[PDB]
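Engineer: So that we are looking at the same thing, I have put the structure below in structure tokens.
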Amino acid sequence: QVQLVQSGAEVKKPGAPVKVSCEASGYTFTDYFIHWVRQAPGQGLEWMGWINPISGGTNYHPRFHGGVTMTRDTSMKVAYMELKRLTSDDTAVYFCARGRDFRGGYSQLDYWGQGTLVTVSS
Amino acid sequence: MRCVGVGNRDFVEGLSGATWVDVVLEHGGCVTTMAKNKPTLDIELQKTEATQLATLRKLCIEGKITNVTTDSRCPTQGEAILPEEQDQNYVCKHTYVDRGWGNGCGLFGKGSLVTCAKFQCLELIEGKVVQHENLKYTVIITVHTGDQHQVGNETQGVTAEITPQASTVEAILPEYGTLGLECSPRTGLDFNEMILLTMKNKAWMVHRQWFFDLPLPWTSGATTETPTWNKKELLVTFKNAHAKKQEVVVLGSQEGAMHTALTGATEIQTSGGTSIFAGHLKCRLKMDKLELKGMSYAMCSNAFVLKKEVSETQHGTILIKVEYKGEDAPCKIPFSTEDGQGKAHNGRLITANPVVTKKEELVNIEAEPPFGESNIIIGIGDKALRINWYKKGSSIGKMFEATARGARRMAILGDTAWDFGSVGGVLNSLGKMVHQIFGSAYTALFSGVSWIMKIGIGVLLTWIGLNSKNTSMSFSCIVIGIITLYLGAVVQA
Amino acid sequence: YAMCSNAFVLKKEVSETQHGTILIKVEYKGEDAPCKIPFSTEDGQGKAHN
Amino acid sequence: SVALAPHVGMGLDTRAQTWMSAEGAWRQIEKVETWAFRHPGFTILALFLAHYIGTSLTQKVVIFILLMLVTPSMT
Amino acid sequence: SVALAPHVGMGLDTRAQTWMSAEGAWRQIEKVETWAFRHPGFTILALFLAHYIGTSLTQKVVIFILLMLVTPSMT
Amino acid sequence: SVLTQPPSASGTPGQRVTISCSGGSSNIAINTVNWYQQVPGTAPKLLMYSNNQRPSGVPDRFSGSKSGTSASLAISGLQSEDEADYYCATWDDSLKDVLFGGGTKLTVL
Ligand SMILES: *[C@@H]1O[C@H](CO)[C@@H](O[C@@H]2O[C@H](CO)[C@@H](O[C@@H]3O[C@H](CO)[C@@H](O)[C@H](O)[C@@H]3O)[C@H](O)[C@H]2NC(C)=O)[C@H](O)[C@H]1NC(C)=O
Ligand SMILES: *[C@@H]1O[C@H](CO)[C@@H](O[C@@H]2O[C@H](CO)[C@@H](O[C@@H]3O[C@H](CO)[C@@H](O)[C@H](O)[C@@H]3O)[C@H](O)[C@H]2NC(C)=O)[C@H](O)[C@H]1NC(C)=O
Ligand SMILES: *[C@@H]1O[C@H](CO)[C@@H](O[C@@H]2O[C@H](CO)[C@@H](O)[C@H](O)[C@H]2NC(C)=O)[C@H](O)[C@H]1NC(C)=O
Ligand SMILES: *[C@@H]1O[C@H](CO)[C@@H](O[C@@H]2O[C@H](CO)[C@@H](O)[C@H](O)[C@H]2NC(C)=O)[C@H](O)[C@H]1NC(C)=O
């Protein structure tokens, strides 16, 4: 059975980096993306970047480029992700999803993670 | 007035005896046709909407392998076939492998080996033939009427749709009559030899023979899931690990190499309709029925005031933006250009007849003052407006730039460049015939020759002409070499 | 028959035979059905019937 | 591959700027220069071949230029 | 990178099969041949250029072959 | 270009549900549309693993298609379980990113 399980719910104050993780097992990790989707509380779903764990290339969303970093760490099959400077606005739940390599599979996501909710307040 | 500040407009000052004047319309360029009494207007071709394209020859720029099966046999046992070899989705190659004891059989030598691998296309590109019936040309005819919001407006103007069928449309100007343009859309781009390949959201015009020549796996393009790709071996490479074994590779995505491959093909916008922005077509436009509005209007006594400072076009034509202060709703602007410290009439009026339609709005008068110092008068009374202006130019320089522009047109249009402003003279016909024959011979030779190689060949021909005793051959080589230098210096557009 | 007094419309694009000959497909929108089709070939820049 | 046969020289020139005109105008010359700079010895070889095959100076320079042009592009 | 500069001229070589040797061996010649077939007038132009510069048959032949190898490749 | 979709609702008897995404000429027109179901409080589920193709289950209650620049998810009758937040996702090429819909709260009424 193939599934993605997150690091677990985390809370931090504004201006503090947070490193949300996503565990992968059951399939060939290098053959599929991790699309790291985001969802604010009671807001529309918003994709924000995927990485190719076979090579490590990262395709950030234009909004989140530079503000976030994603690492593949294929040794443990764990697609980490980090937020450089977490702000009060960016409170959400960060799912990690599996997508196919080709163009028809760029935008199809199966076996999402539960999502690490990150609360930001002083 | 639409084609003012376009930067590639070129005037057509002369009207023919039969009142038709022939213009070649380019997308980037402009044509402001004048006449002795007809209202001047700047025809400009918008676009060439192409519809009902028929896709054909889908091309794989990427691929995938999935299954790979191998089967090898011993020396002097024949080739080693696979049950998947007969399948139409498997690509595979025969290779000899050295075998012997410790490898399967007694006899020592080289044994056949086959590795067949299924092929899936993933991303693909499709060349679309343009249906010549559905090809459509839209051309704007803006008239110099001096509207306040018309000085450089791209929206204002009456469009006239032109197709290979019914290529003669009489555009109905608002109050200037009907301009009957008789355009020839079959002598434009030879769209029968251009097919519009599309990669994702981008499309290009590529020569059809070149499209058929480029090596990529292709299929019928019949919107069928899981097609069969002819010549699918181009996206797979089989490599021998020394001589032990055989491996297949998918050879990655050829999208960047395809972007590099079409490094000279002009680009189309495929968003919405497949609108082609490059090209041209010839128009013989009849100004028989144009009526100059304001021919019956009277002059105006009240003074004029210019709202904004006077500017100069790239082609040296002045342009005035003036508001009437009178109480005469219809009007005819008086206009005289006085030479420096004297009285004369040596400056033309590029706008045919300046008329105030309403006192509330203001008129955009455009003019072509003579070289050097000049004084321009708008009002008719003693309180007439005085627009002093000085034109930095030399008539010899204007002649040189006109020859340069004509050479640029000739280096692109080719045979039809002689019809850009053809009044109908017999000399133009002879020049066109000579140019057509010479250009056919020339494009027969230099077709497919890069710009740097054109420069090299032209320099070589010029050197040969400079060192040839036979005067006829020397002159021929000098002329062809100079022409080749010019072409190779302008060709890569 | 007489000559047609009304216009024509192209129903299929003209094409060139291998021998240089064009073919024309027109439909006559007029009431006098038995008629003749006026047909003059105007040359380029001149009305010569070539 | 397909990139080796660019769409250059086909008689479809128009007033509009073509795709990658600026880069593709000089990619070939850049390739030739970088090959002639990374492999200086072939300059000596081509000079020898041109000298021993070119009777006149113009023939010598034509042969030398053609040799220094074909080899980088035949790589 | 661009295919214009393949890694075929470097001195490094070995017993093992190189990457895409089978195709890359004749890829350039196939491109030259297909360009020559597509545009046959330049054969006439190259014949003229070789005939008006090559005094000896060796000179004419070498100029013709170099000129027919450069244009398809330098495009 | 950003593809959009409005929030909709329908009664428990499944007359018809028309839930449409209208994208640009670069995202929807050339890329397969993918539909997602999100029951609130849970990770989204891949409702459509391609254009007009279902991965598993819920047949004829979830059936989509795209024609030109727009895509939609049709039905032959809804049920009570079909109340969730729906998202259409396509891979844009001009922006070169995966675009998700603005959201839609389909409620069984
Ligand atoms: C490059 O372009 C992208 C858009 O294509 C820019 O992303 C923009 O990032 C800002 C960051 O503040 C977003 O503003 C935020 O909008 C939300 C909307 O709810 C609001 O709640 C926040 O308070 C904040 O104002 C903006 O929406 C976003 N644009 C989008 C998503 O379309 C990016 O910043 C650009 N890169 C730059 C300017 O360096
Ligand atoms: C190109 O031409 C169009 C149309 O000829 C111009 O649009 C026009 O713009 C003016 C003002 O910018 C509009 O005038 C309006 O008049 C009313 C009268 O009270 C006033 O209340 C408004 O505030 C406004 O001033 C005019 O309606 C409008 N015409 C249209 C939209 O058809 C355009 O400005 C010209 N130039 C360019 C660069 O597009
Ligand atoms: C090619 O490989 C695919 C998988 O890579 C094979 O698909 C198998 O299909 C059967 C049912 O038809 C499943 O039970 C197997 O689980 C699939 N394989 C895997 C690895 O999941 C396919 O059989 C192979 N051969 C052909 C001719 O397609
Ligand atoms: C190569 O040598 C290995 C071991 O030296 C051979 O494997 C042995 O095979 C015999 C008979 O099949 C077994 O009884 C031994 O237990 C094996 N030893 C191992 C596996 O360590 C092998 O057969 C030889 N030949 C080849 C072609 O591999």
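Identifiers in this document derive from the order of the structure tokens: chains are assigned A, B, ..., residues are numbered from 1 separately in each chain, and ligands are numbered from 1 in order of occurrence.
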Taking the backbone alone, and naming residues the way the document does, which bits of chain D are helix (DSSP H, G or I) by DSSP, as number ranges by chain?
Structural biologist: D: 21-38, 41-51, 57-73
Engineer: Report as a list in words all protein, DNA and RNA residues lying within 9 Å of residue F:105, evaluated on only C-alpha atoms, omitting residues in the same chain fewer than 5 positions from it.
Structural biologist: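 Skipping anything fewer than 5 positions along the chain leaves residues 6, 7, 8, 9, 83, 84, 85 and 86 of chain F.
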Engineer: Now that the selection is made, can you save its residues with C-alpha atoms as an mmCIF file, in the first residue's frame?
Structural biologist:
data_model
loop_
_atom_site.group_PDB
_atom_site.id
_atom_site.type_symbol
_atom_site.label_atom_id
_atom_site.label_comp_id
_atom_site.auth_asym_id
_atom_site.auth_seq_id
_atom_site.Cartn_x
_atom_site.Cartn_y
_atom_site.Cartn_z
ATOM 1 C CA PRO F 6 -18.616 29.554 -8.860
ATOM 2 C CA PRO F 7 -20.046 27.923 -5.730
ATOM 3 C CA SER F 8 -23.225 25.973 -6.472
ATOM 4 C CA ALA F 9 -25.769 23.722 -4.768
ATOM 5 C CA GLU F 83 -21.543 17.234 -0.551
ATOM 6 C CA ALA F 84 -17.937 18.452 -0.509
ATOM 7 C CA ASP F 85 -15.618 21.151 -1.844
ATOM 8 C CA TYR F 86 -14.668 20.610 -5.490
#
Engineer: May I ask you to write as a ChimeraX atom specification all residues lying at most 9 Å from ligand 3, with only C-alpha atoms and all ligand atoms counted?
Structural biologist: /B:66-68,84,118
Engineer: Show which residues sit within 12 Å of stretch 61-70 of chain E, as a VMD selection string. Count only C-alpha atoms, and ignore same-chain residues fewer than 5 positions away.
Structural biologist: (chain B and resid 449 to 450 452 to 454 456 to 457 460) or (chain D and resid 28 32 49 to 50 53 to 54 59 to 75) or (chain E and resid 28 to 37 39 to 56 75)
Engineer: Within 8 Å of ligand 2, which residues show up when you count only C-alpha atoms and all ligand atoms? List them as an MDAnalysis selection string, please.
Structural biologist: chainID B and resid 149:150 152:156
